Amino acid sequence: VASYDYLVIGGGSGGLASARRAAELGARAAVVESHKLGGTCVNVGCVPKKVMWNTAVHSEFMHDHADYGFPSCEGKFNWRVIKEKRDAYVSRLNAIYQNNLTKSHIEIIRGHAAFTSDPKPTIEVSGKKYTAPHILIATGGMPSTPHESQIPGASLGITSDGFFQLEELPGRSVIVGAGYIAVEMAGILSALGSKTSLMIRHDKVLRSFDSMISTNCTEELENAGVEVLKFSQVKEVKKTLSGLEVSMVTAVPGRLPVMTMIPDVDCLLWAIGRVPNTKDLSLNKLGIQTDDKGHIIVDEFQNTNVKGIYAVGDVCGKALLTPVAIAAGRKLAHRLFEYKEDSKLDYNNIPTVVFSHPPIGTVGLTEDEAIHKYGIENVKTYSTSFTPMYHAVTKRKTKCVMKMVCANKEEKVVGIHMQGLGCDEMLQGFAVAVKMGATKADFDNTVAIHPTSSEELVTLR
């Protein structure tokens, strides 16, 4: 059994960041990876998605070309051109990440890891055994798909993974789901030219976001040409002579359910959830706790119920974001190797950007969460709605909505929510301010930058 100071299972965002920071502190570390380094963020997540988003943003601006004094641009988008360039970029990143591991002297064990029934925590990769006093599970998650038992023909649809393998733009697509991944996919496919429908169980998307955002986002999707099919779900999917045919049931409250058929669908994309990657780890061999969804249970320091075993990232099921897995992975390295016992990630005030059109930026509490935590009498909100100056000369329009949630007498800023052009790069700094405990006066005392959209947040009254 080869011994190390730190054994990391999973070469994605959390696993890499932790192994690297540990190595910097002197730990002899090894990372086990059964696929491609960079994990979801590089291969089928953040990076390829962002490239596709920039492409979709290009299509929208092309629509405004004539308004800006130029001749109109025709429009024929060529999917495989960008797909090939996107794949190439991802290839460059995998090479870079591998190089980063080698330069830090981190061993890479290629293959699938599973725990053994050995007393002291030990794993086995391809017949070989490895052990360490500290083992991190950072195996991430997968897209969830419906079972053929409940939805016949569900397997005819693809997930976000399959979206990244598409070689042609689907002519007609139906996305099922109301979370951010669903919204992003719908927004990209629609901007690029696919006749798109988004099927949600209720009446709005992103229902866990502040209500101002769920409402505004649902309206912008419709204004952009996405058909939002409300109170609907898939009953069955079948392969016809040309495409797929989706049978859905729409059940609006106060009306009778109606069954509809959606024919000639080229692409059915399930964006209903993520499942943790833990089934083949043999967690049960060591008695590591998991919830009923398969997530590994951890305390505030990322400890599992077994000493010397930790877990970070998507596998834990909380705050499923790349920067969160990274920060939790690094804080863990410092606790274990720099002996900083108070080193852990604060899961409050984690900022998020949803790459919709326009993009969404959020940090802190929604109005309801603040109301429930401080009480109505102690919660004051400020908001604004306006048309960005960029649209002063265009026929096409989008809006910018901003909301500030303040708590107590001092009006401590506990939440910022916004949607609009530029919101994707606007959030980071305000997130720093909110993490510091800024009050509305701190915002009000900062001189504005004119003309920008960002200045509206420091001039709210």
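Whichever C-alpha set is largest while still superposing within 1.5 Å between the two forms counts as the rigid core. Residue numbers here begin at 1 and follow the sequence given.
In 9 other deposited structures of this protein, superposed on the rigid core, the segment with the larger root-mean-square CA displacement between 347-355 and 69-77 is 69-77. For the segment pair 30-38 and 417-425, the entry gives 30-38 the higher mean B-factor, averaged over Cα atoms.
In this crystal structure, the stretch out of 148-156 and 362-370 whose C-alpha atoms carry the higher mean B factor is 148-156. When the C-alpha B-factors of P388, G140, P71, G177 are read from the PDB record, the largest value belongs to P71. Across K195, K85, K380, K230, the greatest Cα temperature factor reported in the deposited entry is at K380.
Sort the chain's modelled residues by C-alpha temperature factor and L7 lands in the lowest third, per the entry. In the PDB entry, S13 places in the lowest third of its chain by CA B-factor. When all modelled residues of the chain are sorted by CA temperature factor, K50 is found within the lowest third. In this PDB entry, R110 carries a Cα temperature factor that places it within the highest third of its chain's modelled residues. When the modelled residues of the chain are ordered by their C-alpha B factor, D161 lands in the middle third.
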